[PDB]
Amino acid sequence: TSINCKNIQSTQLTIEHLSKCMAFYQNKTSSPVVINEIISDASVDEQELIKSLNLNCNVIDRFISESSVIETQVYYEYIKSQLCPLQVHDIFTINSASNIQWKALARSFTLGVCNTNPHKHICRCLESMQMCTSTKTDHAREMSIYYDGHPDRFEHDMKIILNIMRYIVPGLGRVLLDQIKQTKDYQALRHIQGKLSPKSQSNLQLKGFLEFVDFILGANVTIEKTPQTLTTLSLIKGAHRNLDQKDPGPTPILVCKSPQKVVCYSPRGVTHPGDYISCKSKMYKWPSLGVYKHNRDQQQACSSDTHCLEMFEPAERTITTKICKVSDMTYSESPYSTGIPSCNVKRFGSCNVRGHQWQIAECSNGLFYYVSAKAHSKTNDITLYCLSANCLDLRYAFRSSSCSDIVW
């Protein structure tokens, strides 16, 4: 059957049916549509809700991962299918740019089945992108011996495979993959890979990988599944913590004092709940780059990173008309949330933040850090620098966008 990803029903909130709403499954490979045209079918309030987000092809996956309600995530995934066809389908072109990530992971995270007999064609496919044409047919009996009746190993390799596929289907596909990982419902992966394979026939490497995913999904093993507990519009409607005061902040702010998570949905018509943050009981838009703990005061919330350099945008004016449930605060677990005392420095530079110069370093991970005036390298590595004076205190990355006039 077919479903409407713009207005997904309660019965259709399963991995089997949610997989039909992955952007690539829309079979739209060209002609991007402007955002104002994509959203003209929906309600006026939903239209203001989306226009307020300033969606583009660079931020829509972050809005998808950052959203809390599954209907909203599906909706933004459809918007991505309409807004970024080339980006959505670039992975299926052989050796394309979008292929760099999954292959990379495939070389770094060796499967457990590749510990012995590394000349198997699946191992050479993930390691050197060779023999990808015979991944399932080569040594299928030995790999069956390795997998059948061995749930431990099977789960190891399945986790590796899911992590690999998180870079093949970004957005909704990643949500479904993490859901599979949490529920251990490994057979449900057939609803994803089963839709990827007929579109990967030209990408011979991806084709071989997906064929092996099929093979391992056929393993004679038994694992009991964990309940799904996926957040739906129904969970939001049937919940407490109602807010009578839904007033938006007058002006944008940097520091969110007394933060609370908020999820707001319109009372009538088809709606997709929007995410907001309350700061001193004033409504602000939840940023696509995540909410972080202020490094200067960890009971305060910042947008995009821990330095409170990015402005919180006040909520739309119609927020008072919508219903709002307070939700538990969720902070970002991205690398910008965790501080480090030292790093291997690629280069030192100077950057103009808030109108003043600051010595910065780009570490090997690509992140930018303020560099202590007492920074120094460690004994056995000329690139390994203490970012703090005592080489113990943690220092947090900041987005390069808060810089201007970077000088290397």
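Numbers follow the displayed sequence, beginning with 1.
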Q. Looking at the entry, does 261-269 or 163-171 show the higher mean C-alpha B-factor?
A. 261-269
Q) Per the PDB record, is the mean Cα temperature factor higher over 191-199 or over 138-146? A) 138-146
Q) So among 205, 332, 117, 101, who wins on Cα B-factor in the entry? A) 117
Q. Between 222, 300, 128, 72, which carries the biggest CA temperature factor in the record?
A. 222
Q) Thinking about Cα B factors across the chain, which third does residue 77 belong to? A) lowest
Q | Third of the chain's Cα B-factor distribution that residue 236 belongs to, per the entry | A | highest
Q.
Sorting by Cα B-factor within the chain, modelled residues only, which third would residue 360 end up in: lowest, middle or highest?
A. lowest
Q) For residue 9, does the deposited CA B-factor place it in the lowest, middle or highest third of the chain? A) highest
Q | Among modelled residues of the same chain, the CA temperature factor third for residue 296 | A | middle
